[PDB]
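J.: Below are the structure tokens for one structure; questions will follow.
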Amino acid sequence: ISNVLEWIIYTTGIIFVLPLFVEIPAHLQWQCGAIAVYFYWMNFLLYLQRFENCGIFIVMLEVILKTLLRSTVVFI
Amino acid sequence: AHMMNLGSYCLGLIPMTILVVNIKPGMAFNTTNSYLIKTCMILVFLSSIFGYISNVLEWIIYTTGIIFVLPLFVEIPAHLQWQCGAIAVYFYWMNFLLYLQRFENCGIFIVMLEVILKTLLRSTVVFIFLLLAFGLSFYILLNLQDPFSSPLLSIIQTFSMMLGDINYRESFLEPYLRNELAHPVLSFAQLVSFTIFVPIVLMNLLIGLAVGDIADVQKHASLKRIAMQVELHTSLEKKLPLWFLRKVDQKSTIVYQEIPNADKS
Amino acid sequence: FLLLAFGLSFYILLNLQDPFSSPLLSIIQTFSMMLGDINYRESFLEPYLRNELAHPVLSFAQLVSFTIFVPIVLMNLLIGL
């Protein structure tokens, strides 16, 4: 749900910008930057869940995706 | 009357086809058949000014038509003119669909398409943040490789990726065996996540909206159509002068796949 | 009439490139393009890096519009019927 997203996003943001305050490998930092961006935005969708125009769209998408995961265990 | 309006638009439509089918793409503006072209050209220039959602379409189409044929009355760059010709053609025809919105055979089809497309645009703002996010993630993981250089290429590429083909599974594999692509461990994960979130689920949901609303329109389709014809005749009746009434009117008629039973209250 | 319109637009933007020479090839090509594969995203990209293809600015727009109006929405509506 939303709170492990709130966890992961911040920690990856931190790795993303530490090397101003230490020396660290450079590629690694750049690497986990990718994850930071991606999770960042997709998380941001759930904030856009609220309002009127979107507000119906996303609940639809979350529910359909949970419906997807039972299927994903059996075709996994 | 109706056809007459179409025709005013029609003697515009067949021109475009003739000019761009007959000659040619490239030439600054080219050699016989010279009359076919002169006639159609002047006819178009005149077909443009007559009148001057649907009205910004009525704006854009005419102005682009004008750029399309000015260089007979000035010197201008040639490629530019040819370029905005493309837009002119495309918008031209798609606009023409809305005139075909009227009548019976089509008359239901298109309202369906416009409504479904508006239903599409809320979705397009929210995956214009989502697909954008994916766009950038793929931007970062493989822009050693070409094409992924620069943001814009990446996002447009992923956009194309939505459709169907992945596609360009000749773009992970070969790097990976090359060992060119950095971050195998993560990147494969990225693609499996990607297919869990756009090729399959998003598409299916969009399909879901499609089916829901189209089903809803067809549920009481007949009224939408007949309300189209009555509306048109009432808003034709009011403008035309009273003395041109009965005639035409028989107020009688000699007599010498229609509408579905299943819908009911 | 609609797919014909698209056919001609792609006719004008990339008929330096082959196949788009002549109307008939173009319209049939776009027709095939409806199905699914774009497909032939090996037909914009490489020109563009070549810098062969004229009108990048507009043309990319043309393809994004195109995918908004046939691969996704039209197909889904036909599915709807």
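All residue names refer to the structure tokens as shown: chains lettered A, B, ... in order, residues numbered from 1 in each chain, ligands numbered from 1 in order.
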Residues of chain A near chain B: apply a cut-off of 8 Å, count only C-alpha atoms, and supply the list as a list in words.
T.: residues 31, 34, 35, 37, 38, 41, 42, 45, 53, 54, 57, 61, 64, 65 and 68 of chain A
J.: Write a file of the selected residues as a PDB file, in the first residue's frame, keeping N, CA, C and O atoms.
T.:
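Result file is selection05.pdb:
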ATOM      1  N   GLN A  31      22.316   4.357 -10.086  1.00  0.00           N
ATOM      2  CA  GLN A  31      21.435   3.234 -10.348  1.00  0.00           C
ATOM      3  C   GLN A  31      20.152   3.329  -9.561  1.00  0.00           C
ATOM      4  O   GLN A  31      19.059   3.276 -10.137  1.00  0.00           O
ATOM      5  N   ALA A  34      17.172   5.530 -10.484  1.00  0.00           N
ATOM      6  CA  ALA A  34      16.126   5.122 -11.425  1.00  0.00           C
ATOM      7  C   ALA A  34      14.870   4.732 -10.658  1.00  0.00           C
ATOM      8  O   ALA A  34      13.757   5.220 -10.931  1.00  0.00           O
ATOM      9  N   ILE A  35      15.082   3.860  -9.674  1.00  0.00           N
ATOM     10  CA  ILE A  35      14.013   3.330  -8.844  1.00  0.00           C
ATOM     11  C   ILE A  35      13.349   4.505  -8.177  1.00  0.00           C
ATOM     12  O   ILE A  35      12.112   4.593  -8.139  1.00  0.00           O
ATOM     13  N   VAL A  37      13.060   7.633  -9.110  1.00  0.00           N
ATOM     14  CA  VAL A  37      12.164   8.345 -10.030  1.00  0.00           C
ATOM     15  C   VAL A  37      10.847   7.603 -10.261  1.00  0.00           C
ATOM     16  O   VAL A  37       9.742   8.157 -10.095  1.00  0.00           O
ATOM     17  N   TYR A  38      10.983   6.339 -10.646  1.00  0.00           N
ATOM     18  CA  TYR A  38       9.825   5.550 -11.041  1.00  0.00           C
ATOM     19  C   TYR A  38       8.792   5.438  -9.923  1.00  0.00           C
ATOM     20  O   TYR A  38       7.604   5.792 -10.104  1.00  0.00           O
ATOM     21  N   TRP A  41       6.987   8.896  -9.067  1.00  0.00           N
ATOM     22  CA  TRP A  41       5.799   9.257  -9.842  1.00  0.00           C
ATOM     23  C   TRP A  41       4.608   8.326  -9.652  1.00  0.00           C
ATOM     24  O   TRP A  41       3.459   8.795  -9.502  1.00  0.00           O
ATOM     25  N   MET A  42       4.847   7.014  -9.664  1.00  0.00           N
ATOM     26  CA  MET A  42       3.695   6.125  -9.605  1.00  0.00           C
ATOM     27  C   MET A  42       3.004   6.333  -8.267  1.00  0.00           C
ATOM     28  O   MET A  42       1.775   6.261  -8.172  1.00  0.00           O
ATOM     29  N   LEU A  45       0.635   9.240  -8.460  1.00  0.00           N
ATOM     30  CA  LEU A  45      -0.712   8.908  -8.937  1.00  0.00           C
ATOM     31  C   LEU A  45      -1.758   8.794  -7.826  1.00  0.00           C
ATOM     32  O   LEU A  45      -2.841   9.358  -7.950  1.00  0.00           O
ATOM     33  N   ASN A  53     -11.910  14.819 -11.508  1.00  0.00           N
ATOM     34  CA  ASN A  53     -11.741  14.390 -12.896  1.00  0.00           C
ATOM     35  C   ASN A  53     -11.080  13.024 -12.941  1.00  0.00           C
ATOM     36  O   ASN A  53     -11.598  12.092 -13.553  1.00  0.00           O
ATOM     37  N   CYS A  54      -9.951  12.912 -12.253  1.00  0.00           N
ATOM     38  CA  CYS A  54      -9.252  11.645 -12.089  1.00  0.00           C
ATOM     39  C   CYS A  54     -10.024  10.736 -11.148  1.00  0.00           C
ATOM     40  O   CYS A  54     -10.074   9.525 -11.353  1.00  0.00           O
ATOM     41  N   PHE A  57     -11.078   7.344 -11.897  1.00  0.00           N
ATOM     42  CA  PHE A  57     -10.232   6.589 -12.798  1.00  0.00           C
ATOM     43  C   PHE A  57      -9.344   5.620 -12.004  1.00  0.00           C
ATOM     44  O   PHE A  57      -9.282   4.408 -12.267  1.00  0.00           O
ATOM     45  N   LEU A  61      -8.447   1.610 -11.443  1.00  0.00           N
ATOM     46  CA  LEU A  61      -7.171   0.942 -11.733  1.00  0.00           C
ATOM     47  C   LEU A  61      -6.586   0.120 -10.568  1.00  0.00           C
ATOM     48  O   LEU A  61      -6.035  -0.966 -10.790  1.00  0.00           O
ATOM     49  N   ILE A  64      -8.810  -3.070 -10.243  1.00  0.00           N
ATOM     50  CA  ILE A  64      -8.594  -4.004 -11.335  1.00  0.00           C
ATOM     51  C   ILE A  64      -7.242  -4.681 -11.140  1.00  0.00           C
ATOM     52  O   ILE A  64      -7.110  -5.872 -11.398  1.00  0.00           O
ATOM     53  N   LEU A  65      -6.236  -3.929 -10.685  1.00  0.00           N
ATOM     54  CA  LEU A  65      -4.918  -4.523 -10.472  1.00  0.00           C
ATOM     55  C   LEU A  65      -4.912  -5.587  -9.354  1.00  0.00           C
ATOM     56  O   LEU A  65      -4.260  -6.638  -9.485  1.00  0.00           O
ATOM     57  N   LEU A  68      -6.117  -8.492 -10.754  1.00  0.00           N
ATOM     58  CA  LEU A  68      -5.034  -9.051 -11.555  1.00  0.00           C
ATOM     59  C   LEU A  68      -4.135  -9.985 -10.762  1.00  0.00           C
ATOM     60  O   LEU A  68      -3.748 -11.033 -11.275  1.00  0.00           O
TER      61      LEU A  68
END
J.: From a DSSP calculation on the backbone, collect every residue of chain A in helix (DSSP H, G or I) and output the set as a ChimeraX atom specification.
T.: /A:2-20,27-47,57-74
J.: Restrict the distance test to only C-alpha atoms, flag each residue of chain B within 6 Å of chain C, and return the flagged residues as an MDAnalysis selection string.
T.: chainID B and resid 21 86 90 93 207 211
J.: Generate the output file for the selected residues, C-alpha atoms, as a PDB file, in the first residue's frame.
T.:
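Result saved to out-v2.pdb:
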ATOM      1  CA  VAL B  21      -2.278  11.899 -55.569  1.00  0.00           C
ATOM      2  CA  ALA B  86       0.072  17.747 -44.735  1.00  0.00           C
ATOM      3  CA  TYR B  90      -5.341  15.446 -42.401  1.00  0.00           C
ATOM      4  CA  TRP B  93     -10.740  14.843 -43.769  1.00  0.00           C
ATOM      5  CA  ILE B 207     -11.079  -1.264 -23.197  1.00  0.00           C
ATOM      6  CA  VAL B 211     -17.222  -1.259 -23.580  1.00  0.00           C
TER       7      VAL B 211
END
J.: Work out how far apart atom CA of residue A:4 and atom CA of residue A:46 are and give it in Å to one decimal.
T.: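 Going from atom CA of residue A:4 over to atom CA of residue A:46, I get 13.1 Å.
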J.: Which residues are near residue C:19? Cut-off 10 Å, only C-alpha atoms, ignore same chain within fewer than 6 positions. Put them as a PDB file with C-alpha atoms, in the first residue's frame.
T.:
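The resulting file, part.pdb, is reproduced below:
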ATOM      1  CA  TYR C  11       1.958   9.511 -47.638  1.00  0.00           C
ATOM      2  CA  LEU C  25       1.023   1.782 -51.128  1.00  0.00           C
ATOM      3  CA  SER C  26       0.573   4.413 -48.411  1.00  0.00           C
ATOM      4  CA  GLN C  29       0.288   0.337 -45.483  1.00  0.00           C
ATOM      5  CA  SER C  43      10.811   3.476 -40.038  1.00  0.00           C
TER       6      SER C  43
END
